[PDB]
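Taking the form deposited in one PDB entry, here's one chain by itself in structure tokens.
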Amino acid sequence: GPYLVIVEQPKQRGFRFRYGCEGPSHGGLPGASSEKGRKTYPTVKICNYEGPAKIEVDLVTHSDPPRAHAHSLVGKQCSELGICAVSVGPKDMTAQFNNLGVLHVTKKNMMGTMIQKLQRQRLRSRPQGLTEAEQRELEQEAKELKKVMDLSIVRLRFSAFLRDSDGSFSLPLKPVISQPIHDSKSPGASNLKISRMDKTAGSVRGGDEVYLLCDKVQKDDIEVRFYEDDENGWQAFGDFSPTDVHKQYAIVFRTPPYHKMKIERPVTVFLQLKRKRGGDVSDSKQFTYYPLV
């Protein structure tokens, strides 16, 4: 029956929110399993359908309780400031949103915005002429949310709707939400990737310097890690000393002593940057080892 399912999920981290002074066409929110060679977009679907139908989709507040948001989703097929709605053929009951971007509203404006956006959810619909009464509440619910809506992480809310006879859509459905998406810019949200590193070949024990180049990272919430656990884990860091974090985009440290008791042939392990709180990561960088001499 009223069942909906997000087939492909939106890339969680990597899409750069764009400011209005930047333009409406810098791209469309990609998908998790979307890479070069073959792109992929935030597709949803409907099982046990009832024929042709639409799918309103707006940006909600990351806070689990699905609520609005100041960042108005923008794109070709978008209600100017708000929801982007598409349709589906009788058979193809799955919607895919290629061109889909997000408008980043400034901190100094996420105020007058959200409030105004609220006025519409009120004054706009239902009887017109909103009374000074609501006005007060509007101003409340607005500011009474400013400090509980991460201006850098949003979730899509795919809300499907059918036609309730008389030839008119209005029959709601089960609006499901897409796992959060971190603004590719917000200091604490991008993807902890790693451009490249200095000396590739390590050593053996635990104490070797190597110049590592990376992407913007904060003075903490950062720490290098290497491993290869076909077992029940195994880790090792490098240097939690900030002094070595060169202007956000670089870190130099000393190789940790792997419990490589077996000083036999050379063993190559995995290496990848991680975030403390967020617990991000990077790709498989090859860090080989060698027999001391």
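In this text, residue numbers run from 1 along the sequence as written. The term rigid core refers to the maximal set of C-alpha atoms that superpose within 1.5 Å between the two forms.
Below, we turn to the form deposited in another entry, even though it does not appear here.
With the core fitted between this form and the one not shown, just one of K39, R67, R254, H26 shows a Cα displacement of at least 2 Å, namely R254. Positional change of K285 between this form and the one not shown reaches 2 Å or more at the C-alpha, relative to the superposed core.
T200: CA moves 2 Å or more between this form and the one not shown after rigid-core fitting. Shown in the overlay between this form and the one not shown, fitted on the rigid core, is a CA shift at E209 of 2 Å or greater. Between the C-alpha atoms of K193 and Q179, a gap widened by no less than 3 Å is obtained in that other deposited form, as opposed to the form on display.
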